[PDB]
Amino acid sequence: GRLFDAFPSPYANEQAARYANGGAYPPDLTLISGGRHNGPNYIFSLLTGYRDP
Amino acid sequence: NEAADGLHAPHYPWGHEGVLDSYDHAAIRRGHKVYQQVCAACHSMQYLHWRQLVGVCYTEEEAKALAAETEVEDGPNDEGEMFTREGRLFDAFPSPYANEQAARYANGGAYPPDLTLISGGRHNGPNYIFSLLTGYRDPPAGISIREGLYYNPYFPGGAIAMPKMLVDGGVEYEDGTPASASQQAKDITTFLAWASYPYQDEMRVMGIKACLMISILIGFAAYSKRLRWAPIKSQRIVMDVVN
Amino acid sequence: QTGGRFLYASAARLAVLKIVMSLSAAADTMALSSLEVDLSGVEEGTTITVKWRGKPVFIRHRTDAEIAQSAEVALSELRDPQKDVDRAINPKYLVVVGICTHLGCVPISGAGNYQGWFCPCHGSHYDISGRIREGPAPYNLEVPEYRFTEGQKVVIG
Amino acid sequence: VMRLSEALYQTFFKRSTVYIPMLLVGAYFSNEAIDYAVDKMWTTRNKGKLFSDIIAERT
Amino acid sequence: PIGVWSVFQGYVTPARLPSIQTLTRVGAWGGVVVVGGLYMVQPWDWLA
Amino acid sequence: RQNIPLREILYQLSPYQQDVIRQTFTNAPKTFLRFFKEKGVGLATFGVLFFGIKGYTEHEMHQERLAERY
Amino acid sequence: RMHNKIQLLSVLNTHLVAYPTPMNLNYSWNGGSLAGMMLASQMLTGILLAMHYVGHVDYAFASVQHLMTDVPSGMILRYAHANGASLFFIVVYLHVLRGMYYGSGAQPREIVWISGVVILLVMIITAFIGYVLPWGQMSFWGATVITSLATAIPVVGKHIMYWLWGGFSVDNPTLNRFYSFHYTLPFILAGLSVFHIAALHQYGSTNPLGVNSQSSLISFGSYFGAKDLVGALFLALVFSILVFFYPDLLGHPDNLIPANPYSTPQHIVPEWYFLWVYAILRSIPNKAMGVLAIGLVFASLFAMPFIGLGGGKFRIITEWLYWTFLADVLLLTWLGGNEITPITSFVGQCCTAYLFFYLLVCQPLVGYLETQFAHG
Amino acid sequence: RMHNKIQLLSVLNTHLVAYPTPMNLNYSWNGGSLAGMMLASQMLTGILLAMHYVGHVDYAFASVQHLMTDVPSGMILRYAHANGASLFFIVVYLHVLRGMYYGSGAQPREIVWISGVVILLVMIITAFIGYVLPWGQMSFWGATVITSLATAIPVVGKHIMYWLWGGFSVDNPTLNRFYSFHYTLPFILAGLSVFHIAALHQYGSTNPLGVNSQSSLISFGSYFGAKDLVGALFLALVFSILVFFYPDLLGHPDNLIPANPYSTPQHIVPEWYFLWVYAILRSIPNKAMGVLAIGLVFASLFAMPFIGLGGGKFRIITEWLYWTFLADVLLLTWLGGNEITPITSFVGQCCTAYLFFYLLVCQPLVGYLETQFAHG
Ligand SMILES: CCCCCCCCCCCCCCCCCC(=O)OC[C@H](COP(=O)(O)O)OC(=O)CCCCCCCCCCCCCCCCC
Ligand code: HEC
Ligand code: HEC
Ligand code: HEC
Ligand code: HEC
Ligand SMILES: COC1=C(OC)C(=O)C(C/C=C(\C)CC/C=C(/C)CC/C=C(\C)CC/C=C(\C)CCC=C(C)C)=C(C)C1=O
Ligand SMILES: COC1=C(OC)C(=O)C(C/C=C(\C)CC/C=C(/C)CC/C=C(\C)CC/C=C(\C)CCC=C(C)C)=C(C)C1=O
Ligand SMILES: COC1=C(OC)C(=O)C(C/C=C(\C)CC/C=C(/C)CC/C=C(\C)CC/C=C(\C)CCC=C(C)C)=C(C)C1=O
Ligand SMILES: COC1=C(OC)C(=O)C(C/C=C(\C)CC/C=C(\C)CC/C=C(\C)CC/C=C(/C)CCC=C(C)C)=C(C)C1=O
């Protein structure tokens, strides 16, 4: 890779991503912080908030 | 330069040239069969679909059976992989190569161009195509041809990379027409001329109706113009000036 | 003057119709209104979604418990009453278009209190058979036209 | 010299709300006649070359 | 003062209102737009 | 609107008291000849200059092509 | 005079330099020049934007991202064009509320009011179909929900709907035609704005006192150029704050997700300036009745010069009722961003009923009572 | 009386219905209405084509083909646009030649001639950037050859060239910005046409006699509406023939090949209506001198109302020299389509010199001699 190249993708398409993750698509993380209400707070809480039901 | 321009092609009496004339749809059908058996080994026609041949060239069932004999890549499936399937009416005509570079590699560096718009994409289109296909002549004095190239005075420059491909009896027509090289060339030229202008018959019918309607309306508008201007064109002015 | 005005009216109508019939659906749009789906690659108890005319169609291989539960739903509880036998010819294979008649949203399979379809836009709720259970959706989910093929295939349209 | 009739004037010409529907039905029939004449001339000239001629020939 | 102010002041009498013949001549334009729409769309024999 | 002092008598006839296009067939050859009589010199000098210069240029171009031959 | 010899200079002098204007106009008469400045800004930013935008599915989102991160000054241009629609609607709404407060549409300025209402409708359509263009989740699903509301007209429903879509769902033909319609409509906005200003110049403007002001008129080009410049500088301050410090404050985070026709978001709400109409539509439990009420609001807006009696101060009952109307409209704007709940449905129904009551009952009848009290 | 109550009725009545017009106008005075109708036709068919065109180098040619075959009535719209451009240029060129023959730019109509020259320059730029949109071989290579004329300007030539391209070569940003500029410039043409027509209505038209016509004026709407309809129908006949029977007659076959930046055609030629400017450029073996000569041609066109003496039929020496000028411009049109050759270079140089001689020497001096002959 070179500087003009994009960041490498883990999979080839959406369907292989759903296949490797039980039918759920891991969303693209470039605009995920602006893509959620109260973005960075929600991301931090979600990353550190796996608690008991 | 004359050699760079190439030899001009004569004007052949095509039956669809006049504005009152339709295509010869039997020749389009025989021209497509030359395309499938000789042309399509190295030419793509990427803007044609089997749906457009229906009602022009084949019935629905004939075109479906023709499309079902082709392998079309489709996908991705639920496992994220690419598979193949039978072609359908909405599918485009198969391309012999995946890309331009392998097409160049299979043909000594020269890329065989797409034939959907080759008739309208050349000056003196159908005549040049017919004379190029039937015109692989002996080179004149002082003109040498390198290996991998063949002489054709209708090709600009005189050195083409396409060899002689039409041979006598190389296509077996289903209507009993004997297939010489000239008959095959005329039929494929007719098919390519249809491919460049697929709606020529409908355009000509609409043009005949439009020209008739506008020609009648010109007379009616001239009548209504002269009726309005009549009290002015026939007015009488009397004055004391004599000069 | 009337004779000329006949052709004036004809030409005006023809031009207006030629302008309007350019926003209509193109030929390749019309050619892509058909679909064939193989049911051999469908697992039981799983809902697959296919693109039929841009509309997500939910095909779920219904289990016998799901068939019995859909047959046990009374028409009185349904806002728009329709029996499960009146929607699908085969109770095992269900072909249901997932568009709300309320505004045009898409339900979510595998979520809901009735073990069916839950619409997240306005609280609309659907059962396993495509019938309204709760919410502002006034009409049941549409079952498209389809026929069974001998080679375990379903052609929609 | 030649002159439009009075009784035909009082019926189809004196009011625009009667003149306009007559205009539309005349426009419809004029378009039908022009379509018929153009199609008949085109099909007569190009007989044996169209696709429908081949299809009816194969019956 | 054009509109409801004209009728509040008493300027709209039985007179100065359109006659029955005027309303019929204006009301005859209802068939023209119907015939024009049917000419433009042409839904032949669509009446039930 | 630009008062113009003028003394005249003007007469005008109704357009439904005369014919519309019948005299157009009588006057058509005369109008054709009058048009060509009036614009004859300009059209002729245009044609002479354009076609003469074009013909001279095309002739010398053909001679130029012939001079390149062996 | 030099302007008396060229006809272009004569018109420009007459309508921009020496035009007689009342001298007691306050700062609530700067709405129109601000609206014109916002229209010009939107046209300039969009024409610059269209040199880097591709109006096709599978390229639209990526072209907007390439505009944002790779085009020099492209982020400024995009954020300016996005927030300029909000500021344009803020200014035009305050302009309309000024006209509602002072009775500015009355005789002889009914054509000015009617051309304004036409301009507002074209502005709404322009902003909606321009919001579809980035091709996010909010764009796709709002275009789906609004255009699939033509299935309320009987018989001729889905025919019109499928002709609008160019297909059977919102797809690439819908986006491709929405780009052309959105490029084209602002020039109609500019022409209608020129006609609207030319209609006002026939009789001149009203004044805050609401009396005849022919005795006290001053030149426009000297006195009301700097007064417009002050308000333009305030608007530029707010605009610069919105672009550089809070660029995504007025938006929706879901429009940063690429559009998925098979997955719908939890809450589908439009931009804020469409929310009051959305609340009116969503409050009524019938689609055809909601479209009828939306049409009736604009019909009552058109009928306002012919039914509305009563102006600013010295007409104090209608002056007080204006604030209830303003509260009602702002409540409808707040309700459109909430979820459908029985209490919110009841409150939205009451707000819509009061909006119709004020527009159709208070303005003629209370105004007539005020005229009978004052000059009876 | 009814048009006295509304401004918009009054302006329309004054400038379209009851506008006085010389009674002896012949059919050479129909070029303006035909040019306006062709501009309206170009705007309508272009707006309709923009709903299916994609301005990207990977989808432009393919979307053109898809519009040709799959879109209902798309072939009619595409051929109508491409041949309506040529008919627009035919009508405008005949309009300008009418003005040159009659000397219509003279006092008091200098503004009309100057706005006309402005309109023609905008028209030329509009058509040139519209031709690049199909992204064929001629579309690519003509834009490459013509925008490479900026490097004739010293020091800052390549910088302006790279700024216009958006890169080091003609590529996708060039196509996108050309699409935006091409959508935009027709609305400037419509505004310029409105200004140009309103400039003429100050004094009226000239007549074929070349005398003052204020004694014999008739209403425009009753009389010249039908006379304009007749010419519109003659234009519609030619339009129908070109669209339906010979659609690629005025085109080039190389624009049906997709663009290739690594293989140029053997004969790069423009459309026919830019061939005289191209012949002027090719005849001079210096790029800066060729660009200067084109600029001097347009400067001489601007300076016509102030250096030109000599008008219609009764001024016979300039009337005879007009036909020599017409033969010269058609020879320039023919020479542009031919290859570079010593005799074509010589003949093009002589033809350009004669065009300059006619514009700058014949029109002032011979006009002054014939004024002294007639009235000295
Ligand atoms: C070598 C290549 C061979 C190519 C052969 C084909 C060339 C083109 C076809 C032939 C063209 C010649 C006849 C064209 C007639 C067109 C009509 C016309 O002119 O009428 C307009 C015009 C009509 O006037 P109106 O009817 O009043 O409009 O007629 C005239 O006024 C007469 C024009 C005569 C002037 C041109 C004569 C031909 C020029 C040849 C010059 C040769 C120079 C040789 C110098 C070197 C010698 C070593
Ligand atoms: C000469 C004046 C002219 C005007 C005015 C004009 N165009 Fe065109 N336009 C052209 C030309 C030339 C082409 C190239 C046609 C060709 O060769 O395919 C073109 C092509 C186009 C294309 C590309 C599609 C195609 O067929 O190549 C679009 C899109 C387009 N024009 C839009 C517009 C719009 C939108 C307007 C007006 C609002 C407009 N045009 C007005 C001359 C013009
Ligand atoms: C629905 C009503 C409405 C809308 C929307 C509207 N206007 Fe106004 N406008 C008016 C009225 C009424 C007046 C007269 C106010 C007065 O004189 O009391 C006015 C006055 C004006 C003025 C004169 C200065 C002023 O602000 O009073 C300008 C400039 C103006 N409008 C421009 C615009 C522009 C530009 C737009 C939109 C892009 C617009 N208007 C939208 C109704 C409207
Ligand atoms: C009344 C409002 C309004 C006007 C006027 C307007 N636009 Fe915009 N336009 C919008 C909105 C809102 C968006 C959505 C922006 C977003 O959310 O990214 C938009 C989006 C766009 C886009 C898509 C790129 C992007 O960043 O979204 C383009 C291109 C565009 N507009 C061009 C134009 C052009 C060109 C004009 C005028 C000639 C214009 N606009 C005038 C409201 C408007
Ligand atoms: C370079 C010159 C030039 C150009 C280009 C030009 N005009 Fe003209 N036009 C004139 C002149 C000069 C007149 C006045 C001639 C007269 O009245 O004798 C005129 C007159 C007119 C008239 C009145 C009647 C007539 O036909 O003479 C109209 C209408 C008109 N122009 C419209 C247009 C339109 C529309 C365009 C282009 C889109 C255009 N013009 C382009 C110079 C021009
Ligand atoms: C979340 O969802 C929603 C949106 O989405 C983000 C919205 O925006 C809106 C706001 C829209 C409203 C109130 C209606 C807009 C008005 C009209 C007339 C609909 C637009 C009509 C179209 C697109 C028909 C096609 C016509 C076009 C493109 C132009 C026509 C041309 C001319 C007039 C010259 C609401 C309520 C909404 O809930
Ligand atoms: C004596 O001399 C004169 C003439 O000569 C005989 C004339 O002919 C005319 C009439 C002029 C005409 C027909 C020319 C047309 C005028 C113009 C300004 C052309 C430019 C206008 C366009 C392209 C309009 C299209 C744009 C629109 C509708 C805006 C977009 C909005 C929508 C699509 C909804 C006049 C007044 C005249 O005095
Ligand atoms: C096939 O191809 C070709 C063309 O095409 C159809 C041509 O015409 C030409 C030649 C044409 C000439 C000499 C006349 C037209 C000349 C020019 C310079 C056109 C003007 C356009 C320019 C400079 C492009 C820049 C665009 C701008 C500035 C956009 C406008 C926007 C603003 C001013 C804000 C040739 C050779 C050509 O082989
Ligand atoms: C009650 O008293 C009044 C006011 O209140 C004090 C007003 O405010 C106004 C109107 C104010 C105007 C006209 C100025 C505001 C600006 C407008 C509407 C347009 C904005 C344009 C700008 C900033 C520049 C645009 C630049 C260009 C180059 C576009 C033009 C394009 C070309 C030349 C091709 C009026 C008439 C008035 O009576």
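Every residue number used here counts from 1 along the chain in the order it is shown.
Using the three backbone atoms N, Cα and C, a Cβ is placed for every residue, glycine included.
Swiss-Prot annotations:
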BINDING   H:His81, H:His182  heme b b562 binding site
BINDING   H:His95, H:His196  heme b b566 binding site
BINDING   H:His201  ubiquinone binding site
TRANSMEM  H:31-51  transmembrane segment
TRANSMEM  H:75-97  transmembrane segment
TRANSMEM  H:112-132  transmembrane segment
TRANSMEM  H:178-198  transmembrane segment
TRANSMEM  H:224-244  transmembrane segment
TRANSMEM  H:288-308  transmembrane segment
TRANSMEM  H:317-337  transmembrane segment
TRANSMEM  H:344-364  transmembrane segment
Given the cut-off of 8 Å on Cβ pairs that are 6 or more apart in sequence, determine whether the transmembrane segment (H:31-51) and the transmembrane segment (H:178-198) share at least 3 such pairs. yes
Could you work out which of the binding-site residues (H:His81, H:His95, H:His182, H:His201) has its C-beta surrounded by the smallest number of other C-beta atoms within 10 A? H:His201
Would you say the transmembrane segment (H:75-97) and the transmembrane segment (H:288-308) are touching, if the rule is that at least three C-beta pairs must lie under 8 angstroms and be 6 or more residues apart? no
By Cα geometry, the one of the binding-site residues (H:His81, H:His182, H:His201) nearest H:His95 (heme b b566 binding site) is H:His201
Could you pull out which residues elsewhere in the chain have a CB under 8 Å from any CB of the transmembrane segment (H:344-364), counting only those six or more residues past its ends? 279-280, 282-285, 293, 296-297, 300-301, 304, 307-310, 318, 321, 324-325, 328-329, 331-332, 335, 338
Counting every protein chain present, what is the number of Cβ atoms, excluding its own, within 10 Å of the Cβ of H:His196 (heme b b566 binding site)? 20
Checking distant contacts: for the transmembrane segment (H:178-198), what same-chain residues at least six beyond its ends satisfy Cβ-Cβ under 8 A? 15, 32, 35-36, 39, 42-43, 46, 50, 53, 55, 112, 115-116, 118-119, 122-123, 125-126, 129-130, 132-133, 143
What DSSP gives for the residue listed as 'ubiquinone binding site', in three states, is coil
Chain C, Cβ under 8 Å: which of the binding-site residues H:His81, H:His95, H:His196 qualify: none
In whole Å, note down how far the CA of H:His182 (heme b b562 binding site) lies from the CA of H:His196 (heme b b566 binding site). 21
May I ask for the distance between H:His201 (ubiquinone binding site) and H:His81 (heme b b562 binding site), taken between their Cα atoms and rounded to an integer number of Å? 30
Under 6 Å from ligand 5 by C-beta, which of these binding-site residues make it: H:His81, H:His95, H:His182, H:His201? Sequence order, please. H:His95
What does DSSP say about H:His95 (heme b b566 binding site): helix, strand or coil? helix
